[PDB]
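Only one chain is included here, represented as structure tokens and corresponding to the form deposited in one PDB entry.
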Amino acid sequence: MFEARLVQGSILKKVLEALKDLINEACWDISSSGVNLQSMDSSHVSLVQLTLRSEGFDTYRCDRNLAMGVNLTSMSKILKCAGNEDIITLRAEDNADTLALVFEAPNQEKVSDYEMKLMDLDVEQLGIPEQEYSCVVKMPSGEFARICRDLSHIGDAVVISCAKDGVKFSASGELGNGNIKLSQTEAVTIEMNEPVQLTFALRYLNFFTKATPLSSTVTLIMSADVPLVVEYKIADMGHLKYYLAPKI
């Protein structure tokens, strides 16, 4: 048996909202420590990793580890049927085949029960090398989303430069060019251990900022020659992290 009860169900809604634009299907790895999901995006450019610890659920039981193949488009459509204050319960039998989602309204007079067919996917885990923290930028998540949206009107790629005084986002295109300079202060903190200057495709960052509702801050972790990490904390539960390799 697998059964997990989450009183703040909107978390799951926001999680699915943050993944379906990027991934069509993926494996949810369920174990006694909680829920882990790792997947390349459907264009095989970026990597996504989700962690939800068992301690963040109001009830959690996992008799046997399972790897559930899920069409995220379908699961997101089902989670649109939950109200933002619903209690959400996931349940799956040993040897999978279907996953049940139960939404209990807080009045207690209405209960919704959805059953989703599970898919047959063979995906193997990619390893994540140890992180080098050359620059770490923590900033309001809405400000980062607006930065990416603004510069994608100028160009298709952003140059992120992190040096002692601050962090700069630059783009260049047919209409001209732009840059946005942030200095350390809705607080902005900058840990610069060695300067970095890297180029990234704005299309993928604009996908990553769909996780903005999960947290009021985002963390950017940059180092030379390794993927940028864009990370959102899922309070008292885990994280959603996106990895993106720099250009050229």
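Heads up: residue numbers just count along the shown sequence, starting at 1.
Unshown form solved in complex with a partner chain; subsequent notes refer to it.
Using a 4.5 angstroms limit between non-hydrogen atoms, residue 123 touches the partner chain in the bound PDB entry. The shortest heavy atom separation between residue 44 and the partner chain in the bound PDB entry is within 4.5 Å. At least one heavy atom of residue 128 is located within 4.5 Å of the partner chain in the bound PDB entry. Contact check for residue 214: no non-hydrogen atom falls within 4.5 Å of the partner chain in the bound PDB entry. Judged against the partner chain in the bound PDB entry with a 4.5 angstroms heavy atom cut-off, the residues 40, 201 and 245 are in contact without exception.
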